[PDB]
Every structure is written in structure tokens, then in C-alpha cells.
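Okay, so here's just one chain, in C-alpha cells, the form deposited in one PDB entry.
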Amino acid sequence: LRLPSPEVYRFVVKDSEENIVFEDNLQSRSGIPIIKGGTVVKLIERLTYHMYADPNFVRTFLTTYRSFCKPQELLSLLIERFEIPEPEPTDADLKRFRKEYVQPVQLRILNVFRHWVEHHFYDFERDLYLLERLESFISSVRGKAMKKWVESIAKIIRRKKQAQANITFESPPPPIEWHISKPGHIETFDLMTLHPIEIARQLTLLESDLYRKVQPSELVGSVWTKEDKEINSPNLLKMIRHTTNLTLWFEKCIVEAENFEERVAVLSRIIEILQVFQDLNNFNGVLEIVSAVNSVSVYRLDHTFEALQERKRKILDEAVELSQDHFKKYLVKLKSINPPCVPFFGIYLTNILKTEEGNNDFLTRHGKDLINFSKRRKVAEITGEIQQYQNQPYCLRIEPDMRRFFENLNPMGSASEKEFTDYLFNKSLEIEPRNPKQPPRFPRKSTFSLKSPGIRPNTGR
């Protein structure tokens, strides 16, 4: 009984469709009401509710909130929630208010701070001032019952800060495969001089590392395509730039092979790399090669595809078919394999862009910003799927020169992506013109043997 005036404490304005909307279905019938949307004020009140704990909302909120609220604003709202004014005295009660309202709300805030530093410390890593505000506030908290919670948050922060201020094989990894390029000779590194097995291994290790660093929150609210993308989505942007560069590198290697026999040997080696990606459950790599071969500059090279060994063309068509019918066969395959694996990342992006586009950010902006929370629950269920393959490392040894090589691929050089893709298209028309004549005969500029060592481990034995 008796809360402060909504006038002096914004959270306790009465619930109405002006400020908060609950699911009204058979699921929402039992237990804790399900939030469909509200003002950020009302979402914060329900995140820290006096009447019950809501672990599920806390988890979904801290995954999704940056799509509707800045980290600095979240901290300001949790402090505002914490600083609870006394009710209007009546002057002819406090003791109940402190036991049943204040203490439970303050404990629930400290529990949100605890989940925040435990599972989303990257917010504080990205913003040292945010951490200064949090540390200053937590150390101001003097409540007897708050003490265990403050100690717990302090210890998490101490640990996260330690594990910032600075590989272990559970079984023998395979020996590194070498072909024409030899170690230390990084300047001789090329698609055709490195071993196709080890190209697939080193790209898988790199792609696995990029994949495992992507936080769900980098995807929520299409934040990687927005103004604050370099800070909200740094891991995702690195993974997207990697995919772009590698896909364009594969295209470049094919289209710049002017000599027909060389270009066939290049496409054949890329298909061999694709088979080792498949053996490694690197569907990310499989579908990068699919992306390259379906690019307009390569797709149209009918003479090159027709010249492939039937078995190589078969393997490619099968890879290509994984992507057909909204990735139907890819999704069957992904559910059938044993990790480690690198999921095709592009499809999470596609399905989040469609959910982001097809659902309003706001239940309405008339009179109030009424945030669509249900939209964020649906995106968090998609981002949730990214997590099940981030926990299983590859049993493969890093080749530091090859890793360096692949981290630094820059097919575009100083040109724009559009200038570069125009170039690939113009070169495609040069090497295989739109006429019915046999393909032009250009000389090789490279002197290395075209003969593949194949994808049976050599040094392995």
C-alpha cells in the first residue's frame, strides 16, 4: 500500500495501453505476464518488478535493449529506478514500503547489473565512462542486504578486467599440408601454390574464430546496418568483410586466369577446397564458394564449367543446391552433423533483416514511444540459434603465415566494390565473349604446375 507520486517516480504511473501491453492468450494465462511492448520506463519497471523475479525477461532484455535504448540510458534508468522516493506521509507504513517495495526493487536492479557485467561486459569494454558510472554507483550502495550483491558484481568486474589484461589440443591435430609454397615464403602464397587441404583448414580456423566472436546483440535491431554499427557490431562487420573479401578473391582468381587450361585448374582447385570445407562442416566456406560461382562474372563462364571433370561438377551442383529453396537442404544438413562446424552466417542476417523489416519498432509513436518488445523476443530467438555452434573448437593447428595471408586478402585493392565488380564483369566478357566461337586462347602469366596434389592428406600419410 502507498507508493510515491508518479509525479516524483515515473515507474509507478498506472499501467494502461498508454504505457504497457501484455499478451492475452492461453500461454499468458499462467504465471508471469508476457510483455508485448511498453515505454522504456515501463520495460525497466517490469525488468526490476517488486512482485516477482523474471529471469527470462532479464536475459532477453540485456540481449536486445541496444535496439531501443543506449547503454548510458539503461544505466541512468536503473539508477533512476533505484532512487525510490518515500510516499506522501498522510501525517495522520515506511517500514512495509522499505520491506515489500524498495528492498525487492533494489535487489532486482543489482541482479540486472550482475547479469549485465557477467554476460555483456563488452558494453563496458566499449565505454570506459559507462564502467566509471557503474563502479561509482555500486560503491555508493550502503544497504545491509545489498552488500552480498555489490561484492558479487565487484568480483565479476575484477575477473572480466583480469581476463582482458591477458590453444590446447584435446587430441592430436593433423600435420600441416604443403604443396608448392614453402613456409616463410609468404610472397609465393597463391590459391594454386598452397595445398588445397590447408587452404580449407586455415580458412576454417579463421572463419570459426570470427563466428565465435559474434555476440547476438550485434544482430538485434539490424544494428550492423545503422549509424552506430562499428561499435554495436564490430565482430559481425569483421566476419562480413571477411566473407566479401574471400568471395571476391575466389572470383578474381577465376576471371584473371585468362589461359583456359589454367582457369579450369583454378575452378577445379576451388571445388577441391569446397570438398574439404564440407569434410570440416565449414558451411560458411562452402557457401562463400557457392556465392563466388553464382556471381555474374563467373556464373556465365559456361566453357570453364563444361570442361570440369564430371565428379568435380557434381560436387559443385550439390553444394549449389544446399542454397536453393530458401536453404532447405542446407538446413537439413546443418541439423545432421557433429560439431565442430562453421554455420553459413549469411542466412541469420537474411532472416533477421526480414524480421526487422516486417515488424514495427513501435506499437505506436503517437503520444509516447511504445517499444515493440515482442519483435525483440522474435529476433532474440533467431540470434539464440547462432550460440549452439560457438562452443566447439576445431582440432587443427594454426599456420601463422597462411593465417596472416588470409587475414590480409584485399582483392578490391584501392578500388570500390562496384568499380571492382565492373572490372570482373568486363574481364569475364574478355575471357569468354558473348559469341558462339571457341573460347579465346590467352597465354599463362604464371609458371607453377596446374596439377593438384588432391585432398587426400599427403604428410598426414
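C-alpha atoms forming the largest set that superposes within 1.5 Å between two forms make up the rigid core. Residue indices: 1-based, along the sequence shown.
For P104, the record comparison shows coordinates present in all the other entries of this protein that model its neighbours, with no third of them leaving it out.
In at least a third of the other compared PDB entries of this protein that cover both flanking sides, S30 is left without coordinates. Unmodelled residues of the deposited sequence between neighbouring positions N338 and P339 number none; the chain is continuous. In this entry, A92 is separated from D93 by 10 or more residues of the deposited sequence that have no coordinates. The mean C-alpha temperature factor is higher for 21 to 29 when 8 to 16 and 21 to 29 are set side by side.
Taking the PDB entry as given, 422 to 430 carries the higher mean Cα B factor of the two stretches 60 to 68 and 422 to 430.
Residues shown: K238, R114, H366, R133. Highest C-alpha temperature factor in the entry: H366.
Going by the entry's values, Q387 shows the largest Cα B-factor out of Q103, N245, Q387, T304. Remark: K328 belongs to the highest third of its chain, ranked by C-alpha B-factor as recorded. When the CA B factors of the chain's modelled residues are split into thirds, the value for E170 lands in the highest one. The PDB entry assigns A415 a C-alpha temperature factor belonging to the highest third of its chain's modelled residues. In the deposited entry, the Cα temperature factor of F277 places it in the lowest third of its chain's modelled residues. Among the modelled residues of its chain, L308 has a C-alpha B-factor that falls in the middle third, as given in the PDB entry.
If you look for the form deposited in another entry, you will not find it shown, but the lines that follow are about it.
Only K70, out of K70, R397, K427, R403, shows a C-alpha shift of 2 Å or more between this form and the one not shown on alignment of the rigid core. Fitting the two forms on the rigid core leaves the C-alpha of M146 displaced by at least 2 angstroms between this form and the one not shown.
Once the rigid core is used as the reference frame, the Cα position of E261 differs between this form and the one not shown by less than 2 Å. Once the rigid core is overlaid between this form and the one not shown, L203 does not reach a Cα shift of 2 Å, moving by less than that.
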